[PDB]
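Scope of the values below: all heavy atoms of this structure, side chains included, with no hydrogens, waters or symmetry mates. Chain identifiers are assigned alphabetically (A, B, ...) following the order of the sequence lines, protein sequences preceding nucleic acid strands; residue numbering begins at 1 within each chain.
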Amino acid sequence: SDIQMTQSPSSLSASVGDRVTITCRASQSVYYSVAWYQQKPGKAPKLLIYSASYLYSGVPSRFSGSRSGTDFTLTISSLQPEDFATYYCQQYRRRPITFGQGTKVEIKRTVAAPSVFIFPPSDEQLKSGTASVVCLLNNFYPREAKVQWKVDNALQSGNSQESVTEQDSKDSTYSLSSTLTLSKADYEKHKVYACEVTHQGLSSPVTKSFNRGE
Amino acid sequence: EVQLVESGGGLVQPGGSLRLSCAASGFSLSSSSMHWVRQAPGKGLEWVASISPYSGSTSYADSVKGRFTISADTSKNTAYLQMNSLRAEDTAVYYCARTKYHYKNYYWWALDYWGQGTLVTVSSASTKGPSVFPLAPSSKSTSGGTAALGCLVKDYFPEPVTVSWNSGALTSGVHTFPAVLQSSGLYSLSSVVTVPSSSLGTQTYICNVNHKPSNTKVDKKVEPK
RNA sequence: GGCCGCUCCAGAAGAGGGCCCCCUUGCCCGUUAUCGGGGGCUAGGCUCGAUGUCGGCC
């Protein structure tokens, strides 16, 4: 029975000057053997808090931790721009040491609908036996968006993958790319290729589509 | 003044071996406990092994016991992680980290300094350059007076690929998405750009795709219907 | 039966021990190492002991 650390929320949005609280629950008691780490993309973690509430040297005083039972809390009293990052809790009550899944703190900004764009597979790719149909969702916020692929009005499943950029450094939005991948044989079977996007910034879903050939 | 520098990460097939190194400066290994913690792509953090160089003591996560070996050399102020019988699920960024020894604390506390990490990829996949296909700007997929076009960088291995547009002259409004690992073991990714629709006749848009592991360089021009 | 003993057998047998909770290690302690006290639970599973329903000798 490893001790499990469960962090919530998975992510949260906030603005400079806000007070931010992240929580982490241990599957059983760990007394006060908890630490908190900050990690930014493609960078190493940095220790913030140890023994659940002790400030590590060089950690600014806006960082603080506390404990209530098996619940542990990381508080940033006044979020500064360099604090947007992922935060992990960790117990070292008992080996193996274990980590929470991490909480991402993202920049708050106003809702923005995505510009949707659909791309049929190139003729070049079709002769090599595969069809990739790409749907672009450009410059939107918040992160949560759903792309539904429809072929001759048939809801697709399991034949698409998604990739999302980090928050843009200038305007803090996201952009997402979904690729629908088909055997050329299955591609020739059907005519209408549709991408249906739903998002908080769209009052009704936006469908972009084409017909094979026409 | 403290630095941890990891080396020895790389590409290798299942059943193979790698030896990581963690060069430490600014402190003495005998005054610390040293750890390896791994981060799989997109995932969190998971502990691998720990060593106290002063005493020789070591410990392991149950999923590497008997395959990995942690060791330290105080004459080089460095720690190591020998990794045998690698499986795909060992693919991750491997960080080493120090816990400082405090003769009043009666036990080892947090991981207070982490290195930059070294990448370990375990895959059967063959090194291969990408195929670049145009994502054609549409006559019926305009947004405003704004058009989106791009190029799909497909079926390459391993990471990474670099993409620029018009040899770097065009950077504004470019999104190059994170690669996705397909079930075949190859990576694919698209890079896109938004552009004035009125510029679709006069401006030429070319994506410059470079893949160092395969010495593969492609310049693909993207054009309307 | 007497004497001796616990290697085998029993669980009929105590103590260590174990798990959980509180106390930021809090009498004294602490392997480059996670305790101590308080509380709740735990018996035949390990060590050590005891015993017979055991064994050895005469």
Asker: Under the convention that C1'-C2'-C3'-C4' above zero is north and below zero is south, what is the pucker of C/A13?
Answerer: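 North.
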
Asker: Can you check the distance between C/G37 and C/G26, where both ends of the measurement are the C1' atom (answer in whole Å)?
Answerer: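 Looking at atom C1' only, C/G37 and C/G26 are 9 Å apart.
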
Asker: Does the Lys NZ or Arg CZ of A/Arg25 fall within the cation-pi geometry relative to A/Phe72 - under 6.0 Å from the ring centre and within 45° of the axis?
Answerer: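 Not satisfied by the 6.0 Å and 45° rule.
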
Asker: Tell me, for nucleotides 26-42 of chain C in 5' to 3' order, what letter each nucleotide earns: B for a base near a protein heavy atom under 4.0 Å, S for only sugar-phosphate near one, - for neither?
Answerer: B---B-BBB--------

Asker: Determine whether the side chains of A/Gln39 and B/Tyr95 contain a donor N or O and an acceptor N or O closer than 3.5 Å.
Answerer: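 Yes - a donor-acceptor pair under 3.5 Å links their side chains.
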
Asker: Give a single yes or no on stacking for C/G44 with C/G45, with the cut-offs at 5.5 Å between ring centres and 30° between planes.
Answerer: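 When the rule is applied to C/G44 and its neighbour C/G45, the answer comes out as no.
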
Asker: Determine if C/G40 and its strand neighbour C/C41 meet both stacking conditions: ring centres closer than 5.5 Å and an interplanar angle below 30°.
Answerer: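 Yes, both criteria hold.
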
Asker: Mind checking the P distance from C/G45 to C/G14? Whole angstroms is fine.
Answerer: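 Per the computed distance, 16 Å lies between those P atoms.
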
Asker: Should the sugar of C/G45 be assigned to the north (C3'-endo side) or south (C2'-endo side) class according to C1'-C2'-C3'-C4'?
Answerer: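 By the sign criterion, C/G45 is north.
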
Asker: Considering only atom P, compute the distance from C/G49 to C/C8 and round it to an integer number of Å.
Answerer: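 The same atom, P, in both gives a distance of 12 Å.
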
Asker: Does C/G45 sit syn or anti, given that only angles within 90° of 0 count as syn?
Answerer: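 Because its glycosidic torsion lies within 90° of 0, C/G45 adopts the syn conformation.
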
Asker: How far, in whole Å, is C/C48 from C/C3 if one measures between their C1' atoms?
Answerer: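 After rounding to an integer number of Å, I get 26 Å for this pair.
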
Asker: What is the glycosidic conformation of C/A33: syn, defined as within 90° of 0, or anti?
Answerer: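 In terms of base orientation relative to the sugar, C/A33 is syn.
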
Asker: Based on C1'-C2'-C3'-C4', put the sugar of C/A43 on the north side (positive) or the south side (negative).
Answerer: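 The sugar ring of C/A43 falls in the south range (negative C1'-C2'-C3'-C4' torsion).
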
Asker: Fill in the dot-bracket string of RNA chain C, one character per base: . for unpaired, | for a pair to another strand, ( ) or [ ] for pairs within the strand, taking Watson-Crick or G-U pairs under 3.5 Å.
Answerer: (((((...((...((((((((((..(........))))))))...)))..)).)))))

Asker: Rounded to whole angstrom, note down the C1' distance from C/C27 over to C/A13.
Answerer: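 That atom pair is separated by 34 Å.
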
Asker: Does the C1'-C2'-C3'-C4' torsion put C/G52 in the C3'-endo-side north group or the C2'-endo-side south group?
Answerer: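 Judging by the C1'-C2'-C3'-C4' torsion, which comes out negative, the sugar of C/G52 sits south.
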
Asker: With sequence neighbours left out, which residue pairs that include part of residues 113-129 of chain B fulfil the side chain to side chain donor-acceptor pair (under 3.5 Å) condition?
Answerer: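 Sorted pair list comes back empty.
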
Asker: Need the glycosidic conformation of C/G26: syn if within 90° of 0, anti if not. Which one?
Answerer: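 You should classify C/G26 as syn.
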
Asker: Under a 3.5 Å threshold, yes or no: a donor from one side chain and an acceptor from the other, between A/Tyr31 and A/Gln91?
Answerer: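 There is no such pair (donor and acceptor under 3.5 Å, judged by atom type) between the side chains of A/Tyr31 and A/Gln91.
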
Asker: With rounding to whole Å, what would you report as the distance between C/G52 and C/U42 at their P atoms?
Answerer: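 It comes out at 28 Å once rounded to the nearest Å.
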
Asker: I want to know whether A/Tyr193 and A/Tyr187 have ring centres closer than 6.0 Å.
Answerer: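 Yes, they do, as the ring centres are separated by less than 6.0 Å.
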
Asker: Output all residues satisfying ring pair (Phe, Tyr, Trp, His ring centres under 6.0 Å) with B/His211, sequence neighbours left out; order by chain, then residue number.
Answerer: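 By the ring pair (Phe, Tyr, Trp, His ring centres under 6.0 Å) rule, B/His211 matches B/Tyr156.
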
Asker: Compute whether any side-chain donor of one residue and acceptor of the other, for A/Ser78 and A/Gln80, lie under 3.5 angstrom apart.
Answerer: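 There is such a pair (donor and acceptor under 3.5 Å, judged by atom type) between the side chains of A/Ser78 and A/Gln80.
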
Asker: Regarding B/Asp73 and B/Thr78, is there a side-chain donor-to-acceptor distance under 3.5 Å anywhere?
Answerer: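 There is no such pair between these side chains.
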
Asker: Label C/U42 north or south, basing it on the sign of the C1'-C2'-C3'-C4' dihedral.
Answerer: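 Taking the sign of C1'-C2'-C3'-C4' as the criterion, C/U42 has a north sugar, on the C3'-endo side.
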
Asker: With rounding to whole Å, what would you report as the distance between C/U47 and C/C22 at their P atoms?
Answerer: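 About 33 Å, rounded to a whole number of Å.
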
Asker: Could you tell me if C/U47 and C/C48 pass the stacking criterion of ring centres under 5.5 Å and planes under 30°?
Answerer: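 Ring centres under 5.5 Å and planes under 30°, so yes.
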
Asker: Can you sort out the partners of B/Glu89 under salt bridge (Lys or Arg N to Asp or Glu O under 4.0 Å), two or more places apart, ordered by chain and number?
Answerer: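 Expected list: none.
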
Asker: Please give the distance between the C1' atoms of C/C28 and C/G36 as a whole number of Å.
Answerer: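 Taking atom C1' in both C/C28 and C/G36, they lie 9 Å apart.
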
Asker: Under the ring pair (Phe, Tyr, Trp, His ring centres under 6.0 Å) test, which residues partner B/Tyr205, sequence neighbours left out?
Answerer: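 None.
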
